[PDB]
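Structure data follow from structure.cif (mmCIF, C-alpha atoms):
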```cif
data_query
#
loop_
_atom_site.label_atom_id
_atom_site.label_comp_id
_atom_site.auth_asym_id
_atom_site.auth_seq_id
_atom_site.Cartn_x
_atom_site.Cartn_y
_atom_site.Cartn_z
CA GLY A 1 21.66 0.19 -2.50
CA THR A 2 20.63 3.55 -1.09
CA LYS A 3 22.63 6.76 -0.70
CA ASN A 4 23.02 8.46 2.66
CA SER A 5 23.90 12.09 3.38
CA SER A 6 27.59 11.21 2.85
CA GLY A 7 26.93 10.91 -0.90
CA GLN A 8 27.83 7.25 -1.46
CA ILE A 9 25.54 4.25 -1.13
CA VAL A 10 25.56 1.19 1.13
CA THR A 11 24.41 -2.43 0.82
CA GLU A 12 24.10 -3.92 4.31
CA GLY A 13 20.89 -5.24 5.82
CA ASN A 14 18.80 -3.73 3.01
CA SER A 15 17.10 -7.01 2.10
CA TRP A 16 14.76 -7.39 -0.85
CA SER A 17 12.68 -10.07 0.90
CA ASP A 18 10.71 -7.67 3.11
CA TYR A 19 9.37 -5.78 0.11
CA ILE A 20 8.31 -8.86 -1.85
CA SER A 21 4.88 -9.66 -0.47
CA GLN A 22 3.85 -6.06 0.21
CA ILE A 23 4.26 -5.33 -3.50
CA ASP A 24 2.49 -8.60 -4.29
CA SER A 25 -0.53 -7.42 -2.32
CA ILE A 26 -0.95 -4.04 -4.04
CA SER A 27 -0.11 -4.87 -7.63
CA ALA A 28 -1.19 -6.72 -10.71
CA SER A 29 1.43 -8.93 -12.34
CA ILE A 30 1.67 -8.18 -16.07
CA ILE A 31 4.09 -10.23 -18.13
CA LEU A 32 5.14 -9.66 -21.73
CA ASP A 33 6.69 -12.37 -23.88
CA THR A 34 8.32 -11.53 -27.19
CA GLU A 35 10.20 -13.89 -29.48
CA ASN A 36 13.53 -13.63 -27.62
CA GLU A 37 12.88 -11.93 -24.30
CA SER A 38 10.39 -11.83 -21.46
CA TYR A 39 9.50 -9.07 -19.04
CA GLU A 40 7.66 -9.21 -15.71
CA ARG A 41 6.26 -6.00 -14.26
CA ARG A 42 4.21 -5.09 -11.21
CA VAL A 43 1.70 -2.26 -11.66
CA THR A 44 -0.07 -0.67 -8.70
CA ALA A 45 -3.84 -0.93 -8.28
CA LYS A 46 -6.65 0.74 -6.33
CA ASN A 47 -8.81 -1.11 -3.83
CA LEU A 48 -12.44 -0.24 -4.54
CA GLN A 49 -13.63 -1.74 -1.24
CA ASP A 50 -12.30 0.74 1.26
CA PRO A 51 -12.62 4.38 0.11
CA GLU A 52 -10.28 6.24 2.48
CA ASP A 53 -7.33 5.50 0.20
CA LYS A 54 -6.65 7.69 -2.83
CA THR A 55 -4.68 5.68 -5.33
CA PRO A 56 -4.77 7.06 -8.89
CA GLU A 57 -6.14 4.12 -10.86
CA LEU A 58 -6.11 3.45 -14.59
CA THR A 59 -7.21 0.94 -17.22
CA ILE A 60 -5.36 -2.06 -18.61
CA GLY A 61 -4.39 -0.38 -21.89
CA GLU A 62 -3.08 2.58 -19.94
CA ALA A 63 -1.43 0.10 -17.57
CA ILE A 64 0.50 -1.45 -20.46
CA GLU A 65 1.37 2.04 -21.72
CA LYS A 66 2.64 3.02 -18.26
CA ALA A 67 4.42 -0.19 -17.21
CA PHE A 68 6.58 -0.57 -20.26
CA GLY A 69 7.65 2.56 -22.02
CA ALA A 70 5.06 2.34 -24.77
CA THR A 71 4.72 5.00 -27.45
CA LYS A 72 1.14 5.86 -28.38
CA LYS A 73 1.42 5.86 -32.18
CA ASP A 74 -1.83 6.92 -33.89
CA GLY A 75 -4.04 5.20 -31.34
CA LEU A 76 -1.99 2.01 -31.45
CA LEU A 77 0.65 1.14 -28.87
CA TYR A 78 4.21 0.51 -30.00
CA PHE A 79 7.10 -0.98 -28.03
CA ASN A 80 10.42 -0.71 -29.92
CA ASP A 81 8.43 -0.35 -33.17
CA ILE A 82 6.52 -3.53 -32.26
CA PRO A 83 2.72 -3.13 -32.45
CA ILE A 84 0.78 -4.13 -29.35
CA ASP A 85 -2.96 -3.83 -30.01
CA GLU A 86 -6.01 -5.54 -28.59
CA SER A 87 -6.19 -7.45 -31.88
CA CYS A 88 -2.50 -7.79 -32.79
CA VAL A 89 -1.24 -9.83 -29.80
CA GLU A 90 -2.37 -12.92 -27.89
CA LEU A 91 -3.59 -12.46 -24.33
CA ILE A 92 -3.71 -15.13 -21.62
CA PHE A 93 -5.73 -14.94 -18.40
CA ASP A 94 -6.07 -17.37 -15.54
CA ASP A 95 -9.55 -18.44 -14.51
CA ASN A 96 -10.06 -16.03 -11.61
CA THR A 97 -8.76 -13.10 -13.68
CA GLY B 1 8.47 -5.46 8.78
CA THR B 2 8.05 -1.90 10.03
CA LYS B 3 8.86 1.40 8.35
CA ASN B 4 11.16 3.94 9.96
CA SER B 5 11.40 7.68 9.28
CA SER B 6 13.59 6.89 6.24
CA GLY B 7 10.50 5.60 4.40
CA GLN B 8 11.52 1.97 3.82
CA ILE B 9 11.00 -0.97 6.16
CA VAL B 10 13.39 -3.32 7.96
CA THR B 11 13.28 -6.96 9.10
CA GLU B 12 15.97 -7.50 11.73
CA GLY B 13 15.33 -8.56 15.31
CA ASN B 14 11.58 -7.96 14.94
CA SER B 15 10.60 -11.45 16.08
CA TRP B 16 7.03 -12.72 16.05
CA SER B 17 7.61 -14.96 19.08
CA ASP B 18 7.39 -12.19 21.68
CA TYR B 19 3.89 -11.23 20.58
CA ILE B 20 2.51 -14.77 20.54
CA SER B 21 1.51 -15.37 24.14
CA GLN B 22 0.49 -11.78 24.90
CA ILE B 23 -2.13 -12.02 22.15
CA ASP B 24 -3.06 -15.48 23.42
CA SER B 25 -3.84 -14.01 26.82
CA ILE B 26 -6.16 -11.22 25.64
CA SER B 27 -8.05 -12.90 22.83
CA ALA B 28 -10.56 -15.55 21.94
CA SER B 29 -9.55 -17.96 19.18
CA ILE B 30 -12.29 -18.20 16.56
CA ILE B 31 -11.76 -20.57 13.65
CA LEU B 32 -13.85 -20.91 10.50
CA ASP B 33 -13.78 -23.99 8.30
CA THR B 34 -15.35 -23.94 4.86
CA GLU B 35 -15.26 -26.71 2.27
CA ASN B 36 -11.83 -25.79 0.87
CA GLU B 37 -10.22 -23.32 3.25
CA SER B 38 -9.77 -22.63 6.94
CA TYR B 39 -9.22 -19.38 8.80
CA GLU B 40 -7.94 -18.76 12.32
CA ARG B 41 -8.54 -15.36 13.91
CA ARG B 42 -7.84 -13.81 17.29
CA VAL B 43 -10.44 -11.34 18.57
CA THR B 44 -9.80 -9.14 21.59
CA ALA B 45 -11.85 -9.49 24.77
CA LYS B 46 -12.61 -7.53 27.94
CA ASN B 47 -11.74 -8.78 31.41
CA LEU B 48 -14.80 -8.34 33.63
CA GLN B 49 -12.79 -8.99 36.81
CA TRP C 1 2.23 20.03 -15.36
CA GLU C 2 1.95 22.20 -18.45
CA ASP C 3 0.34 20.86 -21.60
CA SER C 4 3.43 22.07 -23.50
CA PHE C 5 5.79 19.57 -21.86
CA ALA C 6 5.31 16.40 -23.92
CA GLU C 7 6.97 18.05 -26.91
CA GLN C 8 9.52 19.30 -24.38
CA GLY C 9 10.14 15.62 -23.64
CA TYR C 10 8.92 15.80 -20.05
CA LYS C 11 6.15 13.52 -18.81
CA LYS C 12 3.45 13.66 -16.14
CA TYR C 13 3.49 11.66 -12.92
CA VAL C 14 0.46 11.08 -10.68
CA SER C 15 1.09 9.83 -7.15
CA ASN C 16 -0.46 9.84 -3.68
CA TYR C 17 -0.37 12.44 -0.91
CA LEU C 18 -2.00 10.26 1.76
CA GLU C 19 1.02 7.94 1.76
CA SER C 20 4.70 8.37 1.01
CA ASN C 21 5.69 5.16 -0.81
CA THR C 22 2.86 5.02 -3.33
CA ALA C 23 4.21 1.83 -4.95
CA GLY C 24 5.54 0.03 -1.86
CA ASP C 25 9.12 0.42 -3.09
CA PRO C 26 12.02 1.30 -0.78
CA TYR C 27 12.35 4.52 -2.81
CA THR C 28 9.87 7.30 -2.05
CA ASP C 29 8.15 9.62 -4.52
CA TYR C 30 10.62 12.51 -4.63
CA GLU C 31 13.43 9.95 -4.68
CA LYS C 32 11.79 7.99 -7.49
CA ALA C 33 10.65 10.80 -9.79
CA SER C 34 13.84 12.87 -9.65
CA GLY C 35 16.30 10.34 -11.03
CA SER C 36 18.99 10.69 -8.37
CA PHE C 37 18.35 7.51 -6.38
CA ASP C 38 19.95 4.58 -8.27
CA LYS C 39 21.17 4.73 -11.85
CA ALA C 40 20.84 1.00 -12.57
CA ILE C 41 17.06 1.42 -12.50
CA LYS C 42 15.62 1.30 -16.00
CA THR C 43 14.06 4.58 -17.08
CA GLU C 44 10.51 3.26 -17.46
CA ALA C 45 10.59 2.48 -13.72
CA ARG C 46 10.90 6.18 -12.88
CA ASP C 47 7.19 7.04 -12.67
CA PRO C 48 5.85 6.18 -9.21
CA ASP D 1 -10.82 17.75 24.22
CA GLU D 2 -7.42 16.09 23.72
CA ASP D 3 -6.82 14.47 27.12
CA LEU D 4 -5.24 11.32 25.68
CA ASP D 5 -3.02 10.03 28.47
CA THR D 6 -1.42 7.53 26.16
CA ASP D 7 0.05 9.49 23.25
CA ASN D 8 -1.68 7.38 20.60
CA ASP D 9 -2.28 10.41 18.32
CA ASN D 10 -6.07 10.37 18.50
CA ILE D 11 -9.10 11.92 20.18
CA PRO D 12 -9.49 10.14 23.54
CA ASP D 13 -13.21 10.90 23.43
CA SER D 14 -13.41 9.12 20.07
CA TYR D 15 -11.69 6.19 21.77
CA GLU D 16 -14.08 5.97 24.71
CA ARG D 17 -17.33 7.17 23.10
CA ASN D 18 -19.20 6.10 19.92
CA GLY D 19 -16.22 5.96 17.58
CA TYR D 20 -14.51 7.85 14.78
CA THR D 21 -13.18 7.45 11.26
CA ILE D 22 -9.67 7.89 9.92
CA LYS D 23 -10.14 9.96 6.77
CA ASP D 24 -7.68 12.16 4.83
CA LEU D 25 -5.13 10.93 7.42
CA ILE D 26 -6.99 12.64 10.26
CA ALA D 27 -9.40 11.43 12.95
CA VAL D 28 -12.85 12.79 12.13
CA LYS D 29 -15.91 12.08 14.26
CA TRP D 30 -18.06 9.21 13.01
CA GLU D 31 -21.00 10.48 11.01
CA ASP D 32 -24.01 8.27 10.41
CA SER D 33 -23.70 9.12 6.70
CA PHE D 34 -20.40 7.27 6.25
CA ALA D 35 -21.47 3.65 5.71
CA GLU D 36 -22.98 4.56 2.34
CA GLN D 37 -19.80 6.56 1.83
CA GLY D 38 -17.98 3.24 2.29
CA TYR D 39 -16.19 4.29 5.47
CA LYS D 40 -16.52 2.26 8.66
CA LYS D 41 -16.34 2.93 12.39
CA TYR D 42 -13.49 1.85 14.65
CA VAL D 43 -13.66 1.71 18.45
CA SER D 44 -10.39 1.46 20.36
CA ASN D 45 -8.85 2.28 23.73
CA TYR D 46 -7.39 5.51 25.09
CA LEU D 47 -5.97 4.02 28.29
CA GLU D 48 -3.49 1.96 26.28
CA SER D 49 -1.77 2.38 22.93
CA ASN D 50 -1.72 -1.13 21.43
CA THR D 51 -5.33 -2.09 22.02
CA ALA D 52 -4.90 -5.50 20.37
CA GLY D 53 -1.37 -6.36 21.52
CA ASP D 54 -0.06 -6.09 17.97
CA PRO D 55 3.28 -4.49 17.10
CA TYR D 56 1.25 -1.89 15.16
CA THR D 57 -0.44 0.84 17.18
CA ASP D 58 -3.89 2.33 16.64
CA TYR D 59 -3.06 5.23 14.32
CA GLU D 60 -0.70 2.92 12.46
CA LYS D 61 -3.34 0.20 12.19
CA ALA D 62 -6.41 2.24 11.25
CA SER D 63 -4.75 4.45 8.64
CA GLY D 64 -3.59 1.79 6.21
CA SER D 65 0.00 2.98 5.79
CA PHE D 66 1.78 0.40 7.94
CA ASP D 67 2.13 -2.83 5.89
CA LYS D 68 0.26 -3.55 2.67
CA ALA D 69 0.41 -7.35 2.94
CA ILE D 70 -2.07 -7.14 5.83
CA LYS D 71 -5.53 -8.25 4.73
CA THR D 72 -8.08 -5.46 4.82
CA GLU D 73 -10.33 -7.03 7.47
CA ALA D 74 -7.36 -6.81 9.87
CA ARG D 75 -7.42 -3.01 9.69
CA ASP D 76 -9.85 -2.33 12.56
CA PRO D 77 -7.99 -2.33 15.88
#
```
Mind turning this structure into structure tokens?
Amino acid sequence: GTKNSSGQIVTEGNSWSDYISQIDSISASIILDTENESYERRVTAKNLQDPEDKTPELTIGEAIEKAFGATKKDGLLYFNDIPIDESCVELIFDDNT
Amino acid sequence: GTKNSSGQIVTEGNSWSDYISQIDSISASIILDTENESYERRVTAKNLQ
Amino acid sequence: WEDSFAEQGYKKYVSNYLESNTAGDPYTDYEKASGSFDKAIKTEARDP
Amino acid sequence: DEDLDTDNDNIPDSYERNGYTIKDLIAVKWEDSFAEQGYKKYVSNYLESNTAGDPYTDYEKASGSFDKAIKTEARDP
């Protein structure tokens, strides 16, 4: 849904399909899995090959702090008073990554 | 998909069929085949006539 | 961005000038930062 | 030096002559100190807009703000 100048919003022809793959070509897919829930986020990246683009890039710890709303507590990262450190969780990568 | 002045893009009536043959009349078809993948590209040419 | 805004509760957003939709979303940067675009969006999806 | 008959938003001399580079969303003349800068050179046509028959025109295709699912080697026109 998107609001026009009339103040209310409309849902007609505004498909989600034609913003799937575009996002899936600019982003990294980061997924969190806790004991009851799971969360899938897409975080934007910066292509280092062609330099005409100016995308503000970051690191993976900052990417986790920016994707979820993560509170920097004393150097550690905390999500709903759950510690997420480089040593306090379990990370999984596929072979290309 | 193509973006309008509103900033987002739309996919309605923008068929790919009516840009098939036009491209196939200006281009050379170059295909690469490696050991696992294959790639088909169309590269534009210049009519000398 | 002042450095006296985190204790004010505000945050800092960094986006792109060379393009409008810096995340590929159907909502643009001024639509996405100023939270007046869709209220069912979770608040951590406000930064662009 | 802007006698582009087709209104394809670019220097017609940069179309016909050596080339150019889209940079900072503007068409700058191609320097020979841009390959080590990572930029490339694109050569296109002034006498027509869509110089490859695509539904994306030259200023749309060179400046990568048209569709992000396009692979990066399909950026030159």
Q: Counting all atoms listed in the file, collect the residues of chain B whose closest atom lies at most 12 Å from chain C, and write them out as a ChimeraX atom specification.
A: /B:2-10
Which residues of chain D come within 9 Å of chain B, and for each one, what is the closest pair of atoms and their distance in Å to one decimal, counting all atoms listed in the file, sorted by chain and residue number, as a Markdown table?
```
| residue | atom | partner | partner_atom | distance |
| --- | --- | --- | --- | --- |
| D:51 | CA | B:44 | CA | 8.4 |
| D:52 | CA | B:44 | CA | 6.2 |
| D:53 | CA | B:23 | CA | 5.7 |
| D:54 | CA | B:19 | CA | 7.0 |
| D:55 | CA | B:19 | CA | 7.6 |
| D:56 | CA | B:2 | CA | 8.5 |
| D:66 | CA | B:2 | CA | 7.0 |
| D:67 | CA | B:2 | CA | 7.3 |
```
Q.
Quick check, in Å to one decimal: how far apart do CA of residue 29 (chain B) and CA of residue 76 (chain D) lie?
A. 17.0 Å
Q. What is the CA of residue 69 (chain D)-CA of residue 34 (chain D) distance in Å, reported with one decimal?
A.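 Computing the Euclidean distance for CA of residue 69 (chain D) and CA of residue 34 (chain D) yields 25.6 Å.
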Q: Excluding residue 48 (chain D) and any residue of its chain fewer than 5 positions from it, enumerate the residues within 10 Å of it, using all atoms listed in the file, and give them as an MDAnalysis selection string.
A: chainID D and resid 4:8 53 57:58
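From CA of residue 60 (chain D) back to CA of residue 21 (chain A), the distance works out to 18.9 Å.
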Q) Near residue 13 (chain A), counting all atoms listed in the file, which residues have an atom at most 10 Å away, once you skip same-chain residues fewer than 2 positions from it, shown as number ranges by chain? A) A: 1, 10-11, 15-16; B: 10-12
Keeping C-alpha atoms, export the residues of the selection given above as a PDB file, in the frame of the given file.
```pdb
ATOM      1  CA  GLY A   1      21.660   0.190  -2.500  1.00  0.00           C
ATOM      2  CA  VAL A  10      25.560   1.190   1.130  1.00  0.00           C
ATOM      3  CA  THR A  11      24.410  -2.430   0.820  1.00  0.00           C
ATOM      4  CA  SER A  15      17.100  -7.010   2.100  1.00  0.00           C
ATOM      5  CA  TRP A  16      14.760  -7.390  -0.850  1.00  0.00           C
TER       6      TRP A  16
ATOM      7  CA  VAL B  10      13.390  -3.320   7.960  1.00  0.00           C
ATOM      8  CA  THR B  11      13.280  -6.960   9.100  1.00  0.00           C
ATOM      9  CA  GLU B  12      15.970  -7.500  11.730  1.00  0.00           C
TER      10      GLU B  12
END
```
Would you give me, as a tab-separated table, each residue of chain A having an atom within 12 Å of an atom of chain B, along with its shortest atom pair and that distance in Å to one decimal, using only C-alpha atoms and sorting by chain and residue number?
```
residue	atom	partner	partner_atom	distance
A:2	CA	B:8	CA	10.5
A:3	CA	B:6	CA	11.4
A:4	CA	B:6	CA	10.2
A:5	CA	B:6	CA	11.9
A:12	CA	B:10	CA	11.3
A:13	CA	B:12	CA	8.0
A:14	CA	B:10	CA	7.3
A:15	CA	B:10	CA	7.9
A:16	CA	B:10	CA	9.8
A:17	CA	B:11	CA	8.8
A:18	CA	B:1	CA	6.5
A:19	CA	B:9	CA	7.9
A:20	CA	B:1	CA	11.2
A:21	CA	B:1	CA	10.8
A:22	CA	B:1	CA	9.8
```
Written file, previous selection with C-alpha atoms, as an mmCIF file, in the coordinates of the input:
```
data_model
loop_
_atom_site.group_PDB
_atom_site.id
_atom_site.type_symbol
_atom_site.label_atom_id
_atom_site.label_comp_id
_atom_site.auth_asym_id
_atom_site.auth_seq_id
_atom_site.Cartn_x
_atom_site.Cartn_y
_atom_site.Cartn_z
ATOM 1 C CA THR A 2 20.630 3.550 -1.090
ATOM 2 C CA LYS A 3 22.630 6.760 -0.700
ATOM 3 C CA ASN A 4 23.020 8.460 2.660
ATOM 4 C CA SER A 5 23.900 12.090 3.380
ATOM 5 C CA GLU A 12 24.100 -3.920 4.310
ATOM 6 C CA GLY A 13 20.890 -5.240 5.820
ATOM 7 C CA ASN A 14 18.800 -3.730 3.010
ATOM 8 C CA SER A 15 17.100 -7.010 2.100
ATOM 9 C CA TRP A 16 14.760 -7.390 -0.850
ATOM 10 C CA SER A 17 12.680 -10.070 0.900
ATOM 11 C CA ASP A 18 10.710 -7.670 3.110
ATOM 12 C CA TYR A 19 9.370 -5.780 0.110
ATOM 13 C CA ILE A 20 8.310 -8.860 -1.850
ATOM 14 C CA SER A 21 4.880 -9.660 -0.470
ATOM 15 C CA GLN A 22 3.850 -6.060 0.210
#
```
Q.
Based on all atoms listed in the file, which of the residues in chain D come within 10 Å of chain C? I want them as a ChimeraX atom specification.
A. /D:23-25,63-68
